[PDB]
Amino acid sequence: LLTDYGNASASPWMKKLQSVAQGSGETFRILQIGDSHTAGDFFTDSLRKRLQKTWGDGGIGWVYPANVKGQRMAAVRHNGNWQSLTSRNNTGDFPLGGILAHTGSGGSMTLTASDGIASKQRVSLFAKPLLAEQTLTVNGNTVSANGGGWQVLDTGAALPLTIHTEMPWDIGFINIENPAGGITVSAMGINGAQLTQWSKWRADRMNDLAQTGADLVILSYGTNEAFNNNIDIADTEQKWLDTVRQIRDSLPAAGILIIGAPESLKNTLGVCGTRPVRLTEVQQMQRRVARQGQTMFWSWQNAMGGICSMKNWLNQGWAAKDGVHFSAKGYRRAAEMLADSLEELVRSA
């Protein structure tokens, strides 16, 4: 299911994962950026809880600053008055991820862990104050911007985490990491999004990517590309290649993993017809990009059983009735196979 068009065993990220496996105390950071499959967190959470069992619970990772409508964090619950805005339907000075929250004056936000660890964790926030040297608090402690513009605030706190804002800030993803090291899986999904739609985010987004410290970047798109009947494959392929180059420039030591689009259906009639007219071309394009960019490629369609499988997963309670989105059990099933492949690769090094 997983093809390596690069050299995983000899790569710096692999060497770091192995060190983490031996309990070196580092944090190995997995960042899946994708569409609605990613934004639901069912696929990514399965991946989270499994890889964390295998190599260590490094903490919840990069999570939303607030509740996002139609999207889901499994590993944190939100309680506050911030308002999330997303690039799905809107414009904005978005940091990497397509997500920001206006806090307003007198703003307040608390994130409480669906489980917990209650000891002081490492905390970073993407954040942009209205005014240059402005402040906010985290569990009562004063945390300060330097200059203005988007930046990462580095601090430390225990969960539950309460952020107060006397005057307005915009806040992006927030990083929460166990200081004992281990694995984090971060889910940066936008409902309906395509990979080329990083262009909706701010110009310095690659600078943001560099600040996430991701050691493995998983790109999960293709579904919505496939639903554009007039997509230019040739042109799209370039922008995919160029996006891969940019990732490599900004995170020279990261591994890159491309998840080929799973089978989706235009309609659900008669032995898994009908596929979107352009699905196959997008799938084949993704593999080509993987190979040229020396990336890893996980075939989600093969993982399902190959062509004509969506109706079967549909019949099996693994897919939604729309033939495009999966059920919770469906995502957990698919993520487990990815996990399998990842552990198989590392075991093989």
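Heads up: residue numbers just count along the shown sequence, starting at 1.
In this entry, the higher average B-factor at the C-alpha atoms falls on 313-321, of the pair 313-321 and 286-294. Per-stretch averaging of Cα B factors for 256-264 and 110-118 places 110-118 on top. Highest CA B-factor among the listed residues (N224, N146, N90, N229): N229.
For the set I163, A101, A158, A214, the PDB entry assigns the largest Cα B-factor to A158. In the deposited entry, the Cα temperature factor of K128 places it in the lowest third of its chain's modelled residues. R77: CA B factor lies in the highest third for its chain, per the PDB record.
In the PDB entry, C272 places in the highest third of its chain by CA B-factor. Split the chain's modelled residues into thirds by C-alpha temperature factor. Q238 is in the highest one. When the modelled residues of the chain are ordered by their C-alpha B factor, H37 lands in the lowest third.
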